[PDB]
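Using the deposited numbering, read the sequence shown as starting at 1 and increasing by one per residue. Working notes for the structure below.
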Amino acid sequence: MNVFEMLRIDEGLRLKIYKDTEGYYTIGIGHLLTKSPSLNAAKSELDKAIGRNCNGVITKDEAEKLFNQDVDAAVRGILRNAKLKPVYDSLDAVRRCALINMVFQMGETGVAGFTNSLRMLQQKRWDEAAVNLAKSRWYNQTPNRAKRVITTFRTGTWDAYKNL
């Protein structure tokens with residue numbers, strides 16, 4: 001299993017503009033288009049992102065292209081962030097995938113706010129960090145996805161996804 005397959009499981013694939021769990025306009029593999037209420041603002045962002053008039057719909061290829069960009073941007077963002085990088089560097093390969101996942105879902109800024117949890121992961125206190133991470137809006141809003149990520153940080157294996 002790799003980060004791509006992991007995220008594809010967590011986000012799903014949708015070829016037509018859709019609303020995410022927070023009610024935002026999204027397309028493809030979890031690609032946020034806008035936080036704006038206007039479907040029109042969304043279709044506009046979409047066309048700008050793809051480079052064609054899409055009329056709210058994209059091909060598999062287009063979705064995968066966006067996905068490749070988003071994962072790359074997530075990784076580079078972690079590597080450039082002063083709070084994130086040291087954590088990332090301290091982790092093993094699977095746990096690294098877990099942090100990429102959180103950053104892809106909630107942005108760098110959002111993850112950087114998990115001060116205490118970050119400190120625990122850095123210290124390799126797996127159990128403690130898992131309990132701390134669960135005390136968040138993140139966990140309460142998307143509990144099954146959060147549990148999958150949390151288990152990944154906890155165990156250092158792909159067990160939570162081997163099911164799926």
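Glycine included, C-beta positions come from ideal geometry on N, C-alpha and C.
In the DSSP assignment, the alpha helix (DSSP H) including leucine 7 goes from what residue to what residue? 3-11
Please work out which residues of its chain come closer than 6 Å, Cβ to Cβ, to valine 111, disregarding the five sequence neighbours upstream and downstream, and give them in chain order. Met102, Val103
Helix, strand or coil for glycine 77, going by three-state DSSP, please let me know. helix
Own chain, CB closer than 8 Å to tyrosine 88, minus 5 neighbours either side, in chain order: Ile78, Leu79, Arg96, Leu99
What's the gap between the Cα of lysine 135 and the Cα of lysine 85? 23 Å
Inspect the CB distances between the segment 45-61 and the segment 20-33 and report whether three or more fall short of 8 Å. yes
Alpha carbons only, please: which of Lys124, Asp92, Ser90, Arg76 is nearest the one belonging to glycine 107? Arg76
Do the CB positions of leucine 15 and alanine 63 come within less than 8 Å of each other? yes
Alpha carbon to alpha carbon, how far is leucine 133 from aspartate 47? Give it in angstroms, no decimals. 37 Å
If you draw a straight line from the C-alpha of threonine 151 to the C-alpha of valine 131, how long is it? 10 Å
Have a look at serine 36 and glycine 23 and give me their C-alpha separation to the nearest angstrom. 10 Å
For a quick check, are the C-beta atoms of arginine 154 and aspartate 10 less than 8 Å apart? no
Reference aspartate 159, options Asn68, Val94, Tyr139, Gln141, closest by Cα: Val94
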